[PDB]
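When you line the sequence shown up against the working numbering, it's residues 16 to 86, in that order.
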Amino acid sequence: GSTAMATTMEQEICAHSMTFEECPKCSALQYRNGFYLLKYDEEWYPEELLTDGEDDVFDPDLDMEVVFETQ
Ligand SMILES: [Zn+2]
């Protein structure tokens, strides 16, 4: 194709919407779509994305305190 990585034709061809170059951004490797944070269909999607679950956790359970089952 063109002189681009992974023979990108610059016509946005991938499993997902973007180009091969933009595949990691498209979360092509993951096959889990990055956009739409609140995914009702997917389980604990915002939590998975969040580095720290302290804000998004109920009061009786503290992620910091318990090493196991940390979100
Ligand atoms: Zn892609």
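Every residue, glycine too, gets a C-beta built ideally from N, C-alpha and C.
| query | Going by alpha carbons, who is nearest to residue 18 out of 30, 36, 54? | reply | 36
* **Buried or exposed (CB count within 10 angstroms, at least 16 for buried), residue 34** => buried
query: Is it the case that the CB of residue 43 approaches a heavy atom of ligand 1 more closely than 6 Å?
result: yes
(request) State the Cα-Cα distance for the pair residue 26 and residue 16, rounded to the nearest angstrom. (result) 11 Å
Could you compute how far the alpha carbon of residue 70 sits from the alpha carbon of residue 24?
43 Å
Would the beta-carbon of residue 33 be found less than 6 Å away from any heavy atom of ligand 1? Ligand 1 approaches residue 33 closely enough that one of its heavy atoms is under 6 Å from the residue's Cβ.
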